[PDB]
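Student: please work out how this folds:
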Amino acid sequence: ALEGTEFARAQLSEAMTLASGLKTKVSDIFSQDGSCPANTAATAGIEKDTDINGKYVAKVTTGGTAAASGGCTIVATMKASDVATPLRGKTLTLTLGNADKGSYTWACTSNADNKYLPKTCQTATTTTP
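Tutor: Numbers count the residues shown, from 1 in each chain. Let me share the structure:
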């Protein structure tokens, strides 16, 4: 008897797995400098604030307005990658509202192929071109 795989591109599993996995990573973002900067003090003496992993297939950075409560709007991206969507993964964004005295909160805001009705994850703002 022989063995082997068939699916391989189990994007379904990786999809959900990537969702919760993203929350954990983003949760660290605000936890990085205990604030919400924009890689202004990263890629210099840190190994977390400056993510953007892959060969230009992942544009992730910190953002928002916080430094005592919780207001980090991190925006991730996928350019010329090979996961989700037929062309590109597009951009995505999440928010942190822990308040530094509550129990952590989140606000989804994705911007990757949104033709169907909205739910949980909204559409990212226009942002600069």
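
Student: residue 11 - how many residues pack around it?
Tutor: Neighbour count of residue 11, defined by other Cβ atoms under 10 Å: 13. Every C-beta, even on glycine, is put in place using the N, C-alpha and C of the backbone.

Student: actually residue 19, sorry about that
Tutor: 15.

Student: roughly how far does it sit from residue 79?
Tutor: 20 Å (Cβ to Cβ, to the nearest Å).

Student: ramachandran coordinates for the residue nearest the centre of the chain?
Tutor: Compute the mean C-alpha point of the chain, and by Cα atoms, centre = their mean the closest residue is residue 76, 4.1 Å away. When read as degrees, to the nearest 10, the backbone of residue 76 gives phi -100, psi 160.

Student: surely it meets residue 60?
Tutor: Yes. Assessed by Cβ atoms under 8 Å, residue 76 is found in contact with residue 60 at 4.2 Å.

Student: and stretch 101-108, end to end?
Tutor: 21 Å (Cα to Cα, to the nearest Å).

Student: what residues does that stretch touch?
Tutor: 23, 27, 69-70, 73, 93-99, 120-122 (Cβ atoms under 8 Å, 6 or more residues apart in numbering).

Student: what's the helix or strand encompassing residue 17 in contact with?
Tutor: For residue 17, the host element (DSSP states H and E) is helix 11-33. For helix 11-33, the external contacting residues (Cβ under 8 Å, 6+ apart) are 36, 41, 46, 48-49, 51, 62, 64, 66-67, 70, 72, 74, 76, 83-84, 92, 94, 96, 98, 104, 106.
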